[PDB]
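**Q** How does the following fold in three dimensions:
(chains A, B and C, ligands or ions: 12)
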Amino acid sequence: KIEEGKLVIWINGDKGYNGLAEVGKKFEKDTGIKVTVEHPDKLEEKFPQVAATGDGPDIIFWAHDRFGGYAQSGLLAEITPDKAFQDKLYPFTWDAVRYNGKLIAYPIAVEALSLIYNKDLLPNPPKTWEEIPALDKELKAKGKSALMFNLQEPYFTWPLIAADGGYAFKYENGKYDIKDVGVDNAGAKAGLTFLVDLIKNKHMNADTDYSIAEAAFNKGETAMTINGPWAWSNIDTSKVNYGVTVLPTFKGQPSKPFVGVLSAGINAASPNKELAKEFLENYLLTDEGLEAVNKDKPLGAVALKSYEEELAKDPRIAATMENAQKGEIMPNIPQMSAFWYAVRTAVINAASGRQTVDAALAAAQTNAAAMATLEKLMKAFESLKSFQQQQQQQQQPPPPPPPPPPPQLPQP
Amino acid sequence: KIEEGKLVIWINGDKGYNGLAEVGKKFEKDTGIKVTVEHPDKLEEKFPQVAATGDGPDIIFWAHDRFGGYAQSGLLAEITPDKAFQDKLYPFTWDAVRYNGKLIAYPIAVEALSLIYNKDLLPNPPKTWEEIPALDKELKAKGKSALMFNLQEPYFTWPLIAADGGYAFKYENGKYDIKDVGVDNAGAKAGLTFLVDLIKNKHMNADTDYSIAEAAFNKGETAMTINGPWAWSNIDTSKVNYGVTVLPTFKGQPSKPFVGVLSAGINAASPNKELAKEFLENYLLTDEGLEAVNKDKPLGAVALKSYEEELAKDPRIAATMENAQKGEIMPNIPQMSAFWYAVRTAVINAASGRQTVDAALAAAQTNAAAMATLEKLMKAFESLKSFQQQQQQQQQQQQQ
Amino acid sequence: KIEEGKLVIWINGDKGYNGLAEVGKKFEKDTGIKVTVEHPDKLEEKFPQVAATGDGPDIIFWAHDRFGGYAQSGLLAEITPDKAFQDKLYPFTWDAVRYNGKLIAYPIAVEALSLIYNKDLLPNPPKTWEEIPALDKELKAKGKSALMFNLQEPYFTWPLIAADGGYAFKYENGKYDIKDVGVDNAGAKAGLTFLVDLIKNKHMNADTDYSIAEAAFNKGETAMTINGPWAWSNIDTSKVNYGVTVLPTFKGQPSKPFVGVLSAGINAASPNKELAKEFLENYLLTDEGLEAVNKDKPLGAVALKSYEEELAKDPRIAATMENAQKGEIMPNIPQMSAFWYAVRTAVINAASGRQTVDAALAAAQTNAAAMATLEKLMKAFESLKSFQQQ
Ligand SMILES: [Ca+2]
Ligand SMILES: [Ca+2]
Ligand SMILES: [Ca+2]
Ligand SMILES: [Ca+2]
Ligand SMILES: [Ca+2]
Ligand SMILES: [Ca+2]
Ligand SMILES: [Zn+2]
Ligand SMILES: [Zn+2]
Ligand SMILES: [Zn+2]
Ligand SMILES: [Zn+2]
Ligand SMILES: [Zn+2]
Ligand SMILES: [Zn+2]
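**A** Residues are numbered from 1 along each chain as shown, chains lettered A, B, ... in the order given. Ligands and ions are numbered 1, 2, ... in the order given. Provided below are the atomic coordinates:
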């Protein structure tokens, strides 16, 4: 059982669930139908469990990439807008919501890293990456630095690498290319080279993590950081005089950061397929639907053009969206996890001297590719161990030289 | 014994081997050549060991699907009939015996599932699936259900899943796009959904199997069942007045049942290749040859067009042919082993509430691909270890 | 080590590093840039350890076959000899030094198996495989056999199996289609059928390894052997009147040896990529350059035309080049190892009578396309669980 004649929605408790419920109210008052919004724990964990017995929420709200696996398990119902409607959203957000060519979620809001500079010690920010070292001569010479951001994690380093032509997978004709990794090429190489050069030239540090990186900007210690929206509130506290903007060009190229997208999926097991659509198209994805949620907890930049323009009047929001256009969507496939991991150790070793640029990046391509094949066999092993006859664990691994065979046979 | 100079044939007990032994006789007149016929045991299991070391029969009769295995391993000789012999048989039986384009065996009998119904409870078969819920009440109102058959096995339940777009792997060119599985499409989805309803609406029981369903039908308890021509003999015995017909359409579409073709192949090792060809092409696949084998043990439909027409005079045989002319030829590849269990699972989850249709069905495809490539890599690794110690124990140790 | 404004070269201990060293002495004269030839142990093992931290020599000498792996690990630089200079080397050698479009090395020398025959027993060697049974029972009449060579290793047997149509992987674009394995076809089937026929008519023995074969020939027991230029020095010592010639044809088709190439590669981490190529293009890959190296030890046949034509005045060397020209350049890809032992097993079972040609030949294909991706999963385990954690 799910509902029937009523809507039950799921959204992460950290979001504007209060503001959303009031749209469910405007909706009960317009159609006479009850909207119950819920905020459970590990819902992104619980969902695939219950949705799979035919249960859970009618609608679900989450970052888009987690949906790849949902839509894969066949958990999301394919959605049905007219062309006239899709024209109301920045068209690239539509890219964030398709799988084997099928649209599977409504895209709510948009996340991306931007460039954050302390307006006090840097009134004008660098328009390109290549200025930053030479500018360090200035700032290091008043006992300050020019830039500091997390180096322990690829998500942060990736906008530079990708800039010159680097890329995860070839998204092309509404479809990803799982052989075409693009992390070995010309652009990724020069990208990671620059990044390592700075850590050799001593413009940066390789044990720079999150705690370490964030602090320094918050204490007017470095002029710039790279980070996304989720970070604002803490700079706000610090009292540090700040601004937010486009990412500096590298080799005349825009930096290409990874875009995450809040999305609204419809449970494939929902009786109320028609109502939910109705709620999302006609009530939520409206200026007052979004302005509503946004009031409870701000959304970053929004998907709806109309409301983006009204919201864009924040220089900080303006940047977030501008960068998010200049960026690449983040893939919702299985393969993505392996990539992350391989590129982590790529940059760890390259920046630690451990390995050269040209070699480590090539390793990530081949080292991360050998895992995608390994990950599906691991799922094949547990399915042949399952039955083969929400706790819940979980023998797990490891494998090696195990079986097994099959059964017997019928006949007569 | 590498055969040599004479013809030895393998084949199975459940077949008319004496009627074939009689074809070995007639042949022996005009060439003088002696055809022995052995009906050994698990000769789908002996043949790959005997013919590993150049031995076994010159020829083997078995179902086509097993031959892709033989054929793959390199065990069967590519055969060469001309244009003119080829048109003696339903061209569709030909794609049943191609491996990577090469014709590789001889087509004999054709096997498909059929609609089997009690003319006494029900005078008239439904051309349609949609109307089965309706029929059930008419019948259950007189202490009788409309339709019962094995729900546990995917091979029985496949035809409705297949009906509207479903397929194991895609065929395009005498070859099988193994990356083109289609149990996730809407067709499969629709068909599975429909069956699942029939179960939840108590028009059917999920614990229904071959035993129960064959029995219920044979005790005049359910107006209909789905079975193949193997079970015809029990229904005669039941003294139930049965008839057999084409399977019901779904969404206007014919049911798509898995086809099996009885097939004869030539040991890639056989010294007697020219011999065997003349025997089958000129003595067996003649109206009289099949007759003999059939008069011994019946064959169901046969690929030989002209004796096939004489057999359609039995209405039951006529519909086995109709059911199969519309069916999905059963694949002979490795990823078929895989595909069965994945579907066996999905269908059972879907029938039990365990999972939803879209889900249960959006797994097998992923599980089969992973289960197949798992099967192909683990047993090659096992064959690597097997012949590694078989070449070191008696060969490397032999020196002791 | 690691380098910086001077050159350092590695090349295996058993080669003309002295000639090579004395080219350094010439180069250093017109430049003032010191070259250093070192030949450390297991250098094909160590180089990928140290090229991987931005270290090792500036330039590396080893057979093209191991360079696949280096380039694939991003370890060597791309090389850009202009079109005029590629023209100086035999065109087909350039194929041995290309990896996914990229030119990754300079060919030097060429190696391949050849027919070595005893002149005293065999004034004139056969052009044909098929007449060897004739030849053998002509010879068994004087207690001598026609041919003995290494049957336990595919490298030696392949040239026959390949002769009528076999191939490892398909090549037709500086790229090796690895789903296209050609060990399952008519050519190779028959090519194996014949070899196996020889063995079961006693016209040849099943257990013939390398030594048995070297001995048999080196003590004039057998008229012919198949071997490469490495065997030569011992048939000098064995004092046998001997000839190195073209391999016999089969079903009218050139026998197809596997071709190996000594190649010179630049560390992608090398700070002197310019000099490196100036050295190689203007000092080493010149008559005098090779002449010198070739003097310390013979290179065999050489990838450079002009000086190749000088060495081809020696019939043995010329026959190496012609066999080389009719053979299969060796795949440098990873699926090549997987190729090897599978064909090693195919033969050993077909030749043992344990399996038919067709069964064994098809079984190798299952192993070739399975052990190749199993090695990819091997790297997915070790080089991940180790450096990953932990
Ligand atoms: Ca609840
Ligand atoms: Ca087994
Ligand atoms: Ca069955
Ligand atoms: Ca017998
Ligand atoms: Ca008749
Ligand atoms: Ca040194
Ligand atoms: Zn909560
Ligand atoms: Zn600097
Ligand atoms: Zn307003
Ligand atoms: Zn009903
Ligand atoms: Zn040494
Ligand atoms: Zn003979």
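
**Q** which residues sit in contact with the residue most central in space within chain A?
**A** Centroid-nearest residue in chain A: residue A:260, 3.0 Å away (criterion: C-alpha atoms, centre = their mean). Residue A:260 sits next to A:63, A:64, A:65, A:110, A:111, A:112, A:330 when contact means C-beta atoms under 8 Å, 6 or more residues apart in numbering or on different chains. Bear in mind the C-beta positions are built from the backbone N, C-alpha and C, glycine included.

**Q** Sort out for me which of those are in strands.
**A** Taking DSSP state E as the definition of strands, the contacts of residue A:260 contribute A:63, A:110, A:111.

**Q** Of those - the most surrounded one?
**A** Highest neighbour count within the ones in strands among the contacts of residue A:260, by other C-beta atoms under 10 Å in any protein chain shown: residue A:110, with 28 neighbours.

**Q** Identify the residue nearest residue A:244 in space, chain neighbours excluded?
**A** Spatial nearest neighbour of residue A:244, chain neighbours left out: residue A:316 (4.0 Å); criterion: C-beta to C-beta, 6 or more residues apart in numbering or on different chains.

**Q** quick one: which helix or strand includes residue A:21?
**A** Taking DSSP states H and E as the criterion, the element that holds residue A:21 is helix A:17-31.

**Q** between the longest strand anywhere in chain A and helix A:17-31, how big is the angle?
**A** What stands out as the longest strand in chain A, according to DSSP E, is strand A:258-266. Computed by axes from the mean of the first three to the mean of the last three C-alpha atoms, to 10 degrees, the angle separating strand A:258-266 from helix A:17-31 equals 40 degrees.

**Q** List the buried residues in the helix or strand just after strand A:258-266.
**A** The helix or strand immediately downstream of strand A:258-266 is helix A:273-279, counting by DSSP H and E. For helix A:273-279, a neighbour-count test (16 or more other C-beta atoms under 10 Å in any protein chain shown) marks A:273, A:275, A:276, A:277, A:278, A:279 as buried.

**Q** could these go into JSON lines alongside distance to ligand 3?
**A** Shown next, in JSON lines, are the buried residues of helix A:273-279 (distance: C-beta to the ion, whole Å):
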{"residue": "A:273", "distance to ligand 3": "37"}
{"residue": "A:275", "distance to ligand 3": "44"}
{"residue": "A:276", "distance to ligand 3": "42"}
{"residue": "A:277", "distance to ligand 3": "43"}
{"residue": "A:278", "distance to ligand 3": "47"}
{"residue": "A:279", "distance to ligand 3": "47"}
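
**Q** Would you mind checking which of the ones in strands among the contacts of residue A:260 is nearest to ligand 10?
**A** residue A:63 (41.4 Å; C-beta to the ion).

**Q** Spit out the contact partners of the closest one.
**A** So, once contact is read as C-beta under 8 Å, 6+ apart, residue A:63 ends up touching A:111, A:260, A:261, A:262, A:263.

**Q** Can you tell me how far the third one is from ligand 10?
**A** Separation of residue A:261 from ligand 10 (C-beta to the ion, to the nearest Å) stands at 42 Å.

**Q** next one: the fourth one
**A** Using C-beta to the ion, one gets 41 Å for the distance from residue A:262 to ligand 10.

**Q** Do I have it right that residue A:301 meets residue A:107?
**A** No - counting by C-beta atoms under 8 Å, residue A:107 is not a contact partner of residue A:301; they are 11.6 Å apart.

**Q** quick one, which of the two is more surrounded?
**A** Using other C-beta under 10 Å as the criterion, residue A:301 and residue A:107 rank with residue A:301 on top: 27 against 23.

**Q** Get me the contact residues on chain A for chain C.
**A** Contacts of chain A with chain C, taken as C-beta under 8 Å from any C-beta of the partner chain, map to A:184, A:341, A:345, A:349, A:353-356, A:358-359, A:361-363, A:366-367, A:370-371, A:373-374, A:377.

**Q** Give the PyMOL command for selecting the buried subset of those.
**A** In PyMOL, this line selects whichever of these come out buried by 16+ other C-beta under 10 Å:
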select buried, chain A and resi 184+341+345+349+355+356+358+359+361+362+363+366+367+370+371+373+374+377
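
**Q** quick one, what contacts the residue of the stretch 201-350 of chain A found nearest ligand 8?
**A** Across the stretch 201-350 of chain A, no residue is closer to ligand 8 than residue A:201, which sits at 3.9 Å (C-beta to the ion). Residue A:201 sits next to residue A:133 when contact means C-beta under 8 Å, 6+ apart.

**Q** how far away is the closest residue to ligand 10 within the stretch 151-300 of chain A from ligand 7?
**A** Of all residues in the stretch 151-300 of chain A, residue A:271 sits closest to ligand 10, at 17.5 Å by C-beta to the ion. Distance of residue A:271 to ligand 7, computed by C-beta to the ion: 25 Å.
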